[PDB]
Amino acid sequence: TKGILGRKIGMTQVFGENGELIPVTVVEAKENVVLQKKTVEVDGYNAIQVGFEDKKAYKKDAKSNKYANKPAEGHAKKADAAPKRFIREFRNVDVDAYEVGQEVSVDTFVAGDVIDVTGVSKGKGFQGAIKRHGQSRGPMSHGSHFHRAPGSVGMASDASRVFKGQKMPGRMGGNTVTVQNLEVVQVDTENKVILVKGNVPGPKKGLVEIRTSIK
Amino acid sequence: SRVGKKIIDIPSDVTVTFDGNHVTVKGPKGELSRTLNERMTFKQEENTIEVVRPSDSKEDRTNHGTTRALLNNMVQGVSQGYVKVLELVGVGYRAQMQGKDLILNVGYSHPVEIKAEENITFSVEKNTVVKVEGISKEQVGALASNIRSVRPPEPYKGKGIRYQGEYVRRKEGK
Amino acid sequence: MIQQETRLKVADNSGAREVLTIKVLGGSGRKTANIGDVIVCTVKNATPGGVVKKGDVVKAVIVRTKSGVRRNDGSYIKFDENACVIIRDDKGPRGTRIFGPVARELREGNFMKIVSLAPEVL
Amino acid sequence: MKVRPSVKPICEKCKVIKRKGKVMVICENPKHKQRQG
RNA sequence: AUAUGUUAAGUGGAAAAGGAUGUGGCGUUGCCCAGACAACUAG
RNA sequence: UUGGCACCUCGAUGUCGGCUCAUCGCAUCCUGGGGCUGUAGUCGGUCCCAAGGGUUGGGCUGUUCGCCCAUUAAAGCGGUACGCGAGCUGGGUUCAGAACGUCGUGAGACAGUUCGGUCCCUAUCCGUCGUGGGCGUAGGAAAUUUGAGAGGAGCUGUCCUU
RNA sequence: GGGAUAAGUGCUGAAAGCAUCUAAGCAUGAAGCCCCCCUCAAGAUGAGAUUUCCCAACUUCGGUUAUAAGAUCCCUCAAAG
Ligand SMILES: [Mg+2]
Ligand SMILES: [Mg+2]
Ligand SMILES: [Mg+2]
Ligand SMILES: [Mg+2]
Ligand SMILES: [Mg+2]
Ligand SMILES: [Mg+2]
Ligand SMILES: [Mg+2]
Ligand SMILES: [Mg+2]
Ligand SMILES: [Mg+2]
């Protein structure tokens with residue numbers, strides 16, 4: 001419900017009530033003007049897609065991607081707002097309301113509405129065995145030349161294969177992950193940020209979509 | 001079948017209007033129970049609706065009594081109306097009512113509950129003894145089993161919900 | 001933390017002076033400990049006299065481990081000595097005169113005969 | 001319920017019937033319940 | 001394909017001692033409209 | 001498991017335990033559901049259906065096995081070349097040294113002990129874990145996506161109220 | 001939180017006038033199976049879906065071309081590696 005699309009900037013602590021300290025991730029949630037929505041009448045899933053931070057004008061000589069293009073020009077002219085950089089589905093909520101071309105708000109929530117968080121990982125390059133998966137290393141002394149490699153992979157020749165799904169050294173990777181049931185300690189309106197509880201994925205100046213919980 | 005040439009009756013002001021393969025006994029105590037019983041031929045002329053098919057099949061000689069006995073289960077209850085009782089035993093029980101939803105207090109942490117159905121007149125006419133009422137004998141034998149399944153009879157003292165008259169066993173203890 | 005085979009200058013007036021922990025009893029595969037748990041432990045040193053004697057497996061509560069404890073406001077209590085109190089298996093000590101200032105956290109776990117029998121409690 | 005590879009009437013009040021799977025015997029005392037399982 | 005039957009388990013399309021109102025064509029015999037074997041009321 | 005047979009391997013198919021990493025049966029150890037008890041309750045015996053997940057730290061010996069200490073909801077039984085040395089140690093077993101008991105007149109012997117004893121290799125192809133170029137998808141491109149399918153997760157204690 | 005079940009418990013019911021959970025129907029019933037939770041996934045060649053942008057001369061379409069939309073080569077780095 002009301003999937004805002006903020007980005008992080010860091011993490012600090014905020015003293016709650018009587019003595020309680022709770023660590024807080026501060027999520028900068030800039031402008032979010034709703035682009036076209038799609039329903040069951042058109043082709044079959046009721047959803048609201050949302051934009052995020054804008055960029056400059058269109059079609060001069062696009063060296064970068066902070067300039068738009070004739071695809072995203074007419075796709076964003078339809079709602080008569082500036083062209084965008086991050087467009088995300090929300091098939092969670094509310095096919096009825098949310099008129100097209102509406103800024104959403106920042107205060108859809110209250111200080112106590114539980115949320116979820118979807119964001120990409122850090123990604124730590126190509127890393128090996130006992131750092132990626134929870135495997136334990138070998139003995140570092142008494143003569144053993146088996147310090148840190150993964151062990152055996154399969155049996156002898158009554159299974160002449162190695163079974164796929166084997167947890168071998170590959171890339172650590174940034175793939176998506178969703179924590180569940182975080183809460184909001186405080187909402188700001190004027191500086192246009194919110195806060196959450198604990199810590200969410202996705203390193204600084206990243207991207208994170210948040211939405212209501214499913215408890 | 002030994003209930004083969006043993007047609008039950010058609011004694012009622014009700015009318016067994018056959019159509020397709022079923023009937024609909026539109027009667028005094030209830031309105032038009034209906035079920036397509038089987039694929040067997042029958043007669044319904046004036047006083048005793050009977051049934052017979054081309055005999056000598058041990059899959060159809062047994063299939064007789066599944067058709068005659070159903071047309072005796074239907075017309076008898078819609079004439080009269082019949083269901084059994086449940087006399088709660090021991091102490092602690094106080095089976096009150098909340099309309100069609102009767103609750104029980106058989107010593108648990110919380111009261112049990114139930115949602116009765118149409119054509120089944122739920123009745124509790126005692127301080128702590130209940131008695132169902134309805135039209136369809138198969139349909140009312142369910143709920144009288146479904147309230148036995150709350151606290152079945154504990155075989156030392158005898159506490160627990162029982163039917164009206166039946167020999168529940170008793171084992172002595174210490 | 002205090003784990004499998006630590007050695008603890010016990011604080012009671014009941015004859016033991018140093019004990020060592022066999023197991024940190026709790027859940028299955030329990031490894032670590034901190035203030036308020038209960039460990040089973042066998043004495044090594046023994047004061048002449050006292051109550052208990054050397055080589056007697058006794059159960060004993062943990063008090064004031066070396067690493068801190070995070071109470072829920074943001075504070076920390078770091079002591080400077082691992083210590084212990086031998087319990088009677090009714091959550092009360094053996095002797096009377098336990099030394100060595102005690103953390104407040106062992107109160108929800110109904111150890112309150114130790115706290116009233118103690119010096120300065122934080 | 002007593003699983004056993006042989007069913008016989010343990011006393012002469014115990015009837016011998018057939019059911020959904022097997023050759024259950026049913027009696028009036030709750031120590032005689034067998035099946036050919 | 002034709003004609004007679006059989007099985008209702010995937011038996012066919014991998015096991016015996018034993019257990020059993022499964023189901024067919026087969027034979028013998030004792031109970032019988034004077035009326036049993038189902039069920040009611042007498043001690 | 002202990003064997004029986006000698007069918008493949010002597011132009012070498014590396015052999016016991018342990019660490020690393022698993023994967024599969026159910027004749028089930030805990031947890032879930034019932035019948036039956038010579039089941040007052042709490043506990044307990046015995047049997048049926050059930051593999052989804054769990055299955056501990058130390059002393060002793062090379063150990064397997066085993067006994068013993070303290071716990072835990074439980075410390076299951078097995079297959080996978082008695083799983084796994086082109087992934088690892090080498091403690092024993094099966095190398096030359098030496099000694100003890102003993103048998104042999106002798107050289108020497110022993111499923112009897114006892115101390116010391118070199119563990120080789122840079123990955124072609126399948127199989128894996130990641131990760132890119134070409135082409136297809138009846139015009140070219142960008143953005144957002146539905147989800148046939150496939151993976152992941154599934155465990156429990158103690159206290160208090162009734 | 002749902003749907004069908006295994007063990008088991010049931011209601012109605014002849015075969016076999018009584019009983020009888022079953023033969024035809026109707027229940028209920030588990031950390032188990034599927035949908036639900038998260039992750040990947042149209043190379044799913046059965047190649048899906050919505051919105052938005054671009055449309056010409058040689059010339060027997062031999063398309064000769066030479067461009068748009070949109071990319072890229074090449075550079076300064078990094079939230080990536
Ligand atoms: Mg063999
Ligand atoms: Mg030969
Ligand atoms: Mg040769
Ligand atoms: Mg060779
Ligand atoms: Mg070799
Ligand atoms: Mg089993
Ligand atoms: Mg398992
Ligand atoms: Mg030692
Ligand atoms: Mg000699």
# chains A, B, ... in the order shown; residues from 1 in each chain; ligands from 1
call {"tool": "residues_near_ligand", "arguments": {"ligand": "ligand 8", "cutoff": "12 Å", "atoms": "only C-alpha atoms (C1' of nucleotides) and all ligand atoms", "output": "PDB file with N, CA and C atoms (P, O5', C5', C4', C3', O3' and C1' of nucleotides), in the first residue's frame"}}
result
ATOM      1  P     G F  58      34.526 -30.763  21.939  1.00  0.00           P
ATOM      2  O5'   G F  58      34.859 -31.207  23.426  1.00  0.00           O
ATOM      3  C5'   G F  58      35.956 -32.052  23.706  1.00  0.00           C
ATOM      4  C4'   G F  58      36.005 -32.407  25.162  1.00  0.00           C
ATOM      5  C3'   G F  58      36.760 -33.675  25.480  1.00  0.00           C
ATOM      6  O3'   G F  58      38.130 -33.424  25.663  1.00  0.00           O
ATOM      7  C1'   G F  58      34.637 -33.762  26.472  1.00  0.00           C
ATOM      8  P     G F  59      39.213 -34.489  25.180  1.00  0.00           P
ATOM      9  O5'   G F  59      39.206 -35.563  26.343  1.00  0.00           O
ATOM     10  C5'   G F  59      39.482 -35.182  27.678  1.00  0.00           C
ATOM     11  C4'   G F  59      39.569 -36.391  28.561  1.00  0.00           C
ATOM     12  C3'   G F  59      40.196 -37.589  27.897  1.00  0.00           C
ATOM     13  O3'   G F  59      41.594 -37.564  28.034  1.00  0.00           O
ATOM     14  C1'   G F  59      38.171 -38.225  28.915  1.00  0.00           C
ATOM     15  P     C F  60      42.524 -38.064  26.840  1.00  0.00           P
ATOM     16  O5'   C F  60      42.256 -39.628  26.795  1.00  0.00           O
ATOM     17  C5'   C F  60      42.708 -40.457  27.845  1.00  0.00           C
ATOM     18  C4'   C F  60      42.117 -41.836  27.767  1.00  0.00           C
ATOM     19  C3'   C F  60      42.421 -42.628  26.532  1.00  0.00           C
ATOM     20  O3'   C F  60      43.737 -43.122  26.520  1.00  0.00           O
ATOM     21  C1'   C F  60      40.179 -42.956  27.170  1.00  0.00           C
TER      22        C F  60
END
call {"tool": "select_by_dssp", "arguments": {"residues": "chain D", "states": "strand (DSSP E)", "output": "ChimeraX atom specification"}}
result
/D:2-4,15-16,25-26,34-36
call {"tool": "closest_atom_pairs", "arguments": {"of": "chain F", "to": "ligand 9", "cutoff": "12 Å", "atoms": "only C-alpha atoms (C1' of nucleotides) and all ligand atoms", "output": "tab-separated table"}}
result
residue	atom	partner	partner_atom_place_in_ligand_line	distance
F:102	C1'	ligand 9	1 (Mg)	9.4
F:103	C1'	ligand 9	1 (Mg)	8.1
F:104	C1'	ligand 9	1 (Mg)	7.1
F:105	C1'	ligand 9	1 (Mg)	7.7
F:106	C1'	ligand 9	1 (Mg)	10.0
call {"tool": "write_last_selection", "arguments": {"atoms": "N, CA, C and O atoms (P, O5', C5', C4', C3', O3' and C1' of nucleotides)", "output": "PDB file, in the first residue's frame"}}
result
ATOM      1  P     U F 102      61.797 -67.201  26.605  1.00  0.00           P
ATOM      2  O5'   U F 102      61.231 -68.053  25.404  1.00  0.00           O
ATOM      3  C5'   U F 102      59.979 -68.685  25.517  1.00  0.00           C
ATOM      4  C4'   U F 102      59.279 -68.689  24.197  1.00  0.00           C
ATOM      5  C3'   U F 102      59.816 -69.658  23.176  1.00  0.00           C
ATOM      6  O3'   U F 102      59.345 -70.969  23.381  1.00  0.00           O
ATOM      7  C1'   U F 102      59.468 -67.549  22.177  1.00  0.00           C
ATOM      8  P     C F 103      60.368 -72.197  23.357  1.00  0.00           P
ATOM      9  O5'   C F 103      60.462 -72.572  21.815  1.00  0.00           O
ATOM     10  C5'   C F 103      59.337 -73.128  21.159  1.00  0.00           C
ATOM     11  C4'   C F 103      59.476 -73.134  19.659  1.00  0.00           C
ATOM     12  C3'   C F 103      60.760 -73.686  19.082  1.00  0.00           C
ATOM     13  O3'   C F 103      60.821 -75.096  19.085  1.00  0.00           O
ATOM     14  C1'   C F 103      60.185 -71.715  17.949  1.00  0.00           C
ATOM     15  P     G F 104      62.237 -75.852  19.171  1.00  0.00           P
ATOM     16  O5'   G F 104      63.033 -75.410  17.861  1.00  0.00           O
ATOM     17  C5'   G F 104      62.697 -75.949  16.589  1.00  0.00           C
ATOM     18  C4'   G F 104      63.529 -75.365  15.473  1.00  0.00           C
ATOM     19  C3'   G F 104      65.023 -75.399  15.671  1.00  0.00           C
ATOM     20  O3'   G F 104      65.579 -76.681  15.478  1.00  0.00           O
ATOM     21  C1'   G F 104      64.405 -73.294  14.836  1.00  0.00           C
ATOM     22  P     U F 105      66.523 -77.284  16.619  1.00  0.00           P
ATOM     23  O5'   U F 105      67.715 -76.251  16.661  1.00  0.00           O
ATOM     24  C5'   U F 105      68.339 -75.918  17.881  1.00  0.00           C
ATOM     25  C4'   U F 105      69.821 -75.847  17.690  1.00  0.00           C
ATOM     26  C3'   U F 105      70.313 -74.751  16.765  1.00  0.00           C
ATOM     27  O3'   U F 105      70.495 -73.537  17.463  1.00  0.00           O
ATOM     28  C1'   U F 105      71.326 -76.816  16.196  1.00  0.00           C
ATOM     29  P     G F 106      70.237 -72.119  16.767  1.00  0.00           P
ATOM     30  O5'   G F 106      70.799 -72.282  15.293  1.00  0.00           O
ATOM     31  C5'   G F 106      72.140 -71.938  14.995  1.00  0.00           C
ATOM     32  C4'   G F 106      72.307 -71.650  13.536  1.00  0.00           C
ATOM     33  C3'   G F 106      71.520 -70.466  13.031  1.00  0.00           C
ATOM     34  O3'   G F 106      72.234 -69.261  13.212  1.00  0.00           O
ATOM     35  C1'   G F 106      71.238 -72.316  11.579  1.00  0.00           C
TER      36        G F 106
END
call {"tool": "residues_near_ligand", "arguments": {"ligand": "ligand 2", "cutoff": "10 Å", "atoms": "only C-alpha atoms (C1' of nucleotides) and all ligand atoms", "output": "ChimeraX atom specification"}}
result
/F:5-7
call {"tool": "residues_around", "arguments": {"residues": "segment 75-90 of chain A", "least_positions_apart": "3", "cutoff": "8 Å", "atoms": "only C-alpha atoms (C1' of nucleotides)", "output": "NGL selection string"}}
result
(:A and (3 or 33-36 or 47-57 or 68 or 71-72 or 93 or 100-101)) or (:F and (144-145)) or (:G and (51-52))
call {"tool": "residues_near_ligand", "arguments": {"ligand": "ligand 6", "cutoff": "7 Å", "atoms": "only C-alpha atoms (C1' of nucleotides) and all ligand atoms", "output": "PyMOL selection string"}}
result
chain F and resi 26+49-50
call {"tool": "write_last_selection", "arguments": {"atoms": "N, CA, C and O atoms (P, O5', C5', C4', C3', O3' and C1' of nucleotides)", "output": "PDB file, in the first residue's frame"}}
result
ATOM      1  P     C F  26      11.068 -45.190   1.838  1.00  0.00           P
ATOM      2  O5'   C F  26      11.011 -45.725   3.322  1.00  0.00           O
ATOM      3  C5'   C F  26      11.404 -47.057   3.603  1.00  0.00           C
ATOM      4  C4'   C F  26      11.482 -47.320   5.076  1.00  0.00           C
ATOM      5  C3'   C F  26      10.339 -46.734   5.887  1.00  0.00           C
ATOM      6  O3'   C F  26       9.937 -47.661   6.883  1.00  0.00           O
ATOM      7  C1'   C F  26      12.404 -45.989   6.748  1.00  0.00           C
ATOM      8  P     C F  49       1.408 -48.735   8.729  1.00  0.00           P
ATOM      9  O5'   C F  49       0.954 -47.215   8.613  1.00  0.00           O
ATOM     10  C5'   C F  49       0.036 -46.805   7.613  1.00  0.00           C
ATOM     11  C4'   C F  49      -0.179 -45.314   7.635  1.00  0.00           C
ATOM     12  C3'   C F  49       1.026 -44.456   7.315  1.00  0.00           C
ATOM     13  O3'   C F  49       1.221 -44.320   5.924  1.00  0.00           O
ATOM     14  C1'   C F  49      -0.096 -43.594   9.206  1.00  0.00           C
ATOM     15  P     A F  50       2.695 -44.197   5.319  1.00  0.00           P
ATOM     16  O5'   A F  50       3.264 -42.864   5.965  1.00  0.00           O
ATOM     17  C5'   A F  50       2.850 -41.600   5.488  1.00  0.00           C
ATOM     18  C4'   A F  50       3.365 -40.497   6.366  1.00  0.00           C
ATOM     19  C3'   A F  50       4.862 -40.333   6.403  1.00  0.00           C
ATOM     20  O3'   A F  50       5.324 -39.605   5.289  1.00  0.00           O
ATOM     21  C1'   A F  50       3.994 -40.218   8.586  1.00  0.00           C
TER      22        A F  50
END
call {"tool": "interface_residues", "arguments": {"of": "chain F", "to": "chain A", "cutoff": "8 Å", "atoms": "only C-alpha atoms (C1' of nucleotides)", "output": "PyMOL selection string"}}
result
chain F and resi 19-22+80-81+83-84+87-89+127-130+142-146
call {"tool": "write_last_selection", "arguments": {"atoms": "C-alpha atoms (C1' of nucleotides)", "output": "PDB file, in the first residue's frame"}}
result
ATOM      1  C1'   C F  19      38.812 -33.682   9.323  1.00  0.00           C
ATOM      2  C1'   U F  20      36.036 -30.991   4.610  1.00  0.00           C
ATOM      3  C1'   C F  21      31.395 -31.549   2.046  1.00  0.00           C
ATOM      4  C1'   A F  22      27.117 -33.836   1.472  1.00  0.00           C
ATOM      5  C1'   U F  80      26.246 -44.263  -1.308  1.00  0.00           C
ATOM      6  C1'   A F  81      33.845 -48.619  -4.238  1.00  0.00           C
ATOM      7  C1'   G F  83      30.607 -42.670   0.173  1.00  0.00           C
ATOM      8  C1'   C F  84      34.827 -38.825  -0.518  1.00  0.00           C
ATOM      9  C1'   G F  87      40.239 -32.409  -1.824  1.00  0.00           C
ATOM     10  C1'   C F  88      43.843 -33.394   3.295  1.00  0.00           C
ATOM     11  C1'   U F  89      46.625 -35.453   7.103  1.00  0.00           C
ATOM     12  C1'   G F 127      29.451 -32.755 -14.645  1.00  0.00           C
ATOM     13  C1'   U F 128      29.318 -28.453 -11.822  1.00  0.00           C
ATOM     14  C1'   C F 129      29.302 -22.729  -9.772  1.00  0.00           C
ATOM     15  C1'   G F 130      29.272 -18.186 -11.859  1.00  0.00           C
ATOM     16  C1'   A F 142      13.688   1.536 -25.267  1.00  0.00           C
ATOM     17  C1'   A F 143      11.147   0.765 -20.633  1.00  0.00           C
ATOM     18  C1'   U F 144       8.017  -1.982 -17.418  1.00  0.00           C
ATOM     19  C1'   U F 145       6.284  -6.694 -16.774  1.00  0.00           C
ATOM     20  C1'   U F 146       2.616 -11.748 -16.657  1.00  0.00           C
TER      21        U F 146
END
call {"tool": "interface_residues", "arguments": {"of": "chain A", "to": "chain C", "cutoff": "9 Å", "atoms": "only C-alpha atoms", "output": "VMD selection string"}}
result
chain A and resid 15 18 to 22
call {"tool": "write_last_selection", "arguments": {"atoms": "N, CA, C and O atoms", "output": "tab-separated table (two decimals), in the first residue's frame"}}
result
chain	number	residue	atom	x	y	z
A	15	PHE	N	16.64	8.12	19.87
A	15	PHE	CA	16.18	7.76	21.20
A	15	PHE	C	14.67	7.76	21.21
A	15	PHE	O	14.05	8.82	21.08
A	18	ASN	N	10.89	5.67	26.93
A	18	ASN	CA	11.54	5.98	28.21
A	18	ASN	C	13.05	5.89	28.24
A	18	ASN	O	13.71	6.84	28.68
A	19	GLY	N	13.63	4.80	27.76
A	19	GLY	CA	15.07	4.78	27.63
A	19	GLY	C	15.52	4.26	26.29
A	19	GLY	O	16.70	4.36	25.96
A	20	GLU	N	14.59	3.76	25.49
A	20	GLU	CA	14.92	2.84	24.41
A	20	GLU	C	15.61	3.55	23.26
A	20	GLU	O	15.11	4.55	22.74
A	21	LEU	N	16.78	3.04	22.89
A	21	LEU	CA	17.51	3.43	21.70
A	21	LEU	C	17.16	2.46	20.59
A	21	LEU	O	17.23	1.25	20.79
A	22	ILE	N	16.80	2.98	19.43
A	22	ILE	CA	16.53	2.09	18.31
A	22	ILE	C	17.29	2.58	17.09
A	22	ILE	O	17.26	3.77	16.76
call {"tool": "residues_around", "arguments": {"residues": "residue 170 of chain B", "least_positions_apart": "6", "cutoff": "10 Å", "atoms": "only C-alpha atoms (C1' of nucleotides)", "output": "compact mmCIF listing (two decimals) with C-alpha atoms, in the first residue's frame"}}
result
# COMPACT_ATOMS: atom_id res chain seq x y z
CA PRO B 153 -17.50 -40.17 27.14
CA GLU B 154 -14.63 -40.54 29.57
CA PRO B 155 -14.67 -44.22 30.47
CA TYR B 156 -13.85 -44.00 34.18
CA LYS B 157 -16.45 -41.72 35.76
CA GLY B 158 -18.82 -41.51 32.80
call {"tool": "closest_residue", "arguments": {"among": "B:110, B:159, B:22, B:84", "to": "residue 71 of chain B", "atoms": "only C-alpha atoms"}}
result
B:22
call {"tool": "residues_around", "arguments": {"residues": "segment 21-35 of chain D", "least_positions_apart": "2", "cutoff": "10 Å", "atoms": "only C-alpha atoms (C1' of nucleotides)", "output": "list in words"}}
result
residues 169 of chain B; 1, 2, 3, 4, 5, 6, 7, 8, 9, 10, 11, 12, 13, 14, 15, 16, 17, 18, 19 and 37 of chain D; 19 and 20 of chain E; 35, 36 and 37 of chain F; 20 of chain G
call {"tool": "residues_near_ligand", "arguments": {"ligand": "ligand 7", "cutoff": "10 Å", "atoms": "only C-alpha atoms (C1' of nucleotides) and all ligand atoms", "output": "PDB file with N, CA and C atoms (P, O5', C5', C4', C3', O3' and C1' of nucleotides), in the first residue's frame"}}
result
ATOM      1  P     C F  24      18.425 -35.785  -1.044  1.00  0.00           P
ATOM      2  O5'   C F  24      18.311 -37.364  -0.938  1.00  0.00           O
ATOM      3  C5'   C F  24      18.196 -38.143  -2.112  1.00  0.00           C
ATOM      4  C4'   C F  24      18.217 -39.610  -1.803  1.00  0.00           C
ATOM      5  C3'   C F  24      17.155 -40.087  -0.847  1.00  0.00           C
ATOM      6  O3'   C F  24      15.929 -40.302  -1.506  1.00  0.00           O
ATOM      7  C1'   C F  24      19.246 -41.045  -0.296  1.00  0.00           C
ATOM      8  P     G F  25      14.636 -40.765  -0.692  1.00  0.00           P
ATOM      9  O5'   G F  25      14.706 -42.341  -0.739  1.00  0.00           O
ATOM     10  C5'   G F  25      13.773 -43.091  -0.003  1.00  0.00           C
ATOM     11  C4'   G F  25      14.367 -44.361   0.526  1.00  0.00           C
ATOM     12  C3'   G F  25      13.656 -44.918   1.731  1.00  0.00           C
ATOM     13  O3'   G F  25      12.517 -45.656   1.355  1.00  0.00           O
ATOM     14  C1'   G F  25      16.002 -45.036   2.030  1.00  0.00           C
ATOM     15  P     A F  51       6.403 -40.237   4.294  1.00  0.00           P
ATOM     16  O5'   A F  51       7.678 -39.349   4.560  1.00  0.00           O
ATOM     17  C5'   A F  51       7.519 -37.967   4.820  1.00  0.00           C
ATOM     18  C4'   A F  51       8.831 -37.270   5.059  1.00  0.00           C
ATOM     19  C3'   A F  51       9.803 -37.261   3.891  1.00  0.00           C
ATOM     20  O3'   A F  51      10.543 -36.056   3.939  1.00  0.00           O
ATOM     21  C1'   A F  51      10.803 -38.308   5.735  1.00  0.00           C
ATOM     22  P     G F  52      11.126 -35.437   2.592  1.00  0.00           P
ATOM     23  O5'   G F  52      10.701 -33.919   2.674  1.00  0.00           O
ATOM     24  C5'   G F  52       9.439 -33.585   3.199  1.00  0.00           C
ATOM     25  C4'   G F  52       9.514 -32.359   4.055  1.00  0.00           C
ATOM     26  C3'   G F  52      10.779 -32.183   4.869  1.00  0.00           C
ATOM     27  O3'   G F  52      11.828 -31.603   4.115  1.00  0.00           O
ATOM     28  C1'   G F  52       8.917 -31.854   6.252  1.00  0.00           C
ATOM     29  P     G F  53      13.362 -31.932   4.439  1.00  0.00           P
ATOM     30  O5'   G F  53      13.584 -31.391   5.915  1.00  0.00           O
ATOM     31  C5'   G F  53      13.818 -30.015   6.130  1.00  0.00           C
ATOM     32  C4'   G F  53      13.704 -29.635   7.581  1.00  0.00           C
ATOM     33  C3'   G F  53      14.892 -29.954   8.453  1.00  0.00           C
ATOM     34  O3'   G F  53      15.918 -28.995   8.306  1.00  0.00           O
ATOM     35  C1'   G F  53      12.894 -30.525   9.571  1.00  0.00           C
ATOM     36  P     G F  54      17.418 -29.323   8.761  1.00  0.00           P
ATOM     37  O5'   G F  54      17.379 -29.153  10.342  1.00  0.00           O
ATOM     38  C5'   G F  54      18.235 -29.907  11.182  1.00  0.00           C
ATOM     39  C4'   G F  54      17.673 -30.036  12.571  1.00  0.00           C
ATOM     40  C3'   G F  54      18.483 -30.893  13.519  1.00  0.00           C
ATOM     41  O3'   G F  54      19.513 -30.162  14.146  1.00  0.00           O
ATOM     42  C1'   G F  54      16.225 -31.557  13.594  1.00  0.00           C
ATOM     43  P     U F  55      21.042 -30.524  13.849  1.00  0.00           P
ATOM     44  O5'   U F  55      21.220 -31.972  14.466  1.00  0.00           O
ATOM     45  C5'   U F  55      21.646 -32.129  15.806  1.00  0.00           C
ATOM     46  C4'   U F  55      21.177 -33.439  16.366  1.00  0.00           C
ATOM     47  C3'   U F  55      22.111 -34.613  16.172  1.00  0.00           C
ATOM     48  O3'   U F  55      23.122 -34.668  17.150  1.00  0.00           O
ATOM     49  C1'   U F  55      19.900 -35.232  15.599  1.00  0.00           C
TER      50        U F  55
END
call {"tool": "residues_near_ligand", "arguments": {"ligand": "ligand 5", "cutoff": "12 Å", "atoms": "only C-alpha atoms (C1' of nucleotides) and all ligand atoms", "output": "PyMOL selection string"}}
result
chain F and resi 12-15+85+119-120
call {"tool": "atom_distance", "arguments": {"atom1": "atom CA of residue 125 of chain A", "atom2": "atom CA of residue 200 of chain A"}}
result
20.0 Å
call {"tool": "interface_residues", "arguments": {"of": "chain B", "to": "chain F", "cutoff": "8 Å", "atoms": "only C-alpha atoms (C1' of nucleotides)", "output": "MDAnalysis selection string"}}
result
chainID B and resid 109 173:174
call {"tool": "atom_distance", "arguments": {"atom1": "atom CA of residue 204 of chain A", "atom2": "atom CA of residue 7 of chain A"}}
result
7.8 Å
call {"tool": "residues_around", "arguments": {"residues": "residue 7 of chain E", "least_positions_apart": "4", "cutoff": "10 Å", "atoms": "only C-alpha atoms (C1' of nucleotides)", "output": "PDB file with N, CA and C atoms (P, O5', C5', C4', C3', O3' and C1' of nucleotides), in the first residue's frame"}}
result
ATOM      1  P     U E  11      -0.690 -54.942 -10.836  1.00  0.00           P
ATOM      2  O5'   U E  11      -0.996 -56.460 -10.496  1.00  0.00           O
ATOM      3  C5'   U E  11      -1.931 -56.788  -9.485  1.00  0.00           C
ATOM      4  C4'   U E  11      -2.476 -58.178  -9.666  1.00  0.00           C
ATOM      5  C3'   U E  11      -1.853 -58.996 -10.778  1.00  0.00           C
ATOM      6  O3'   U E  11      -0.635 -59.592 -10.392  1.00  0.00           O
ATOM      7  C1'   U E  11      -4.204 -59.204 -10.867  1.00  0.00           C
ATOM      8  P     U E  23     -19.455 -62.654  -2.755  1.00  0.00           P
ATOM      9  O5'   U E  23     -19.305 -63.036  -4.286  1.00  0.00           O
ATOM     10  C5'   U E  23     -19.088 -62.037  -5.266  1.00  0.00           C
ATOM     11  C4'   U E  23     -18.455 -62.630  -6.494  1.00  0.00           C
ATOM     12  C3'   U E  23     -19.066 -63.933  -6.972  1.00  0.00           C
ATOM     13  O3'   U E  23     -20.216 -63.734  -7.768  1.00  0.00           O
ATOM     14  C1'   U E  23     -16.713 -64.131  -6.925  1.00  0.00           C
ATOM     15  P     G E  24     -21.156 -64.976  -8.150  1.00  0.00           P
ATOM     16  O5'   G E  24     -20.589 -65.486  -9.547  1.00  0.00           O
ATOM     17  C5'   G E  24     -21.256 -66.515 -10.264  1.00  0.00           C
ATOM     18  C4'   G E  24     -20.300 -67.302 -11.119  1.00  0.00           C
ATOM     19  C3'   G E  24     -20.610 -68.780 -11.257  1.00  0.00           C
ATOM     20  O3'   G E  24     -21.587 -69.050 -12.237  1.00  0.00           O
ATOM     21  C1'   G E  24     -18.332 -68.502 -10.739  1.00  0.00           C
TER      22        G E  24
END
call {"tool": "interface_residues", "arguments": {"of": "chain F", "to": "chain C", "cutoff": "8 Å", "atoms": "only C-alpha atoms (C1' of nucleotides)", "output": "list in words"}}
result
residues 56, 57, 70, 71, 72 and 157 of chain F
call {"tool": "interface_residues", "arguments": {"of": "chain G", "to": "chain B", "cutoff": "8 Å", "atoms": "only C-alpha atoms (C1' of nucleotides)", "output": "list in words"}}
result
residues 10, 11, 12, 13, 14, 15, 17, 23, 24 and 27 of chain G
call {"tool": "residues_near_ligand", "arguments": {"ligand": "ligand 1", "cutoff": "10 Å", "atoms": "only C-alpha atoms (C1' of nucleotides) and all ligand atoms", "output": "number ranges by chain"}}
result
F: 1-4
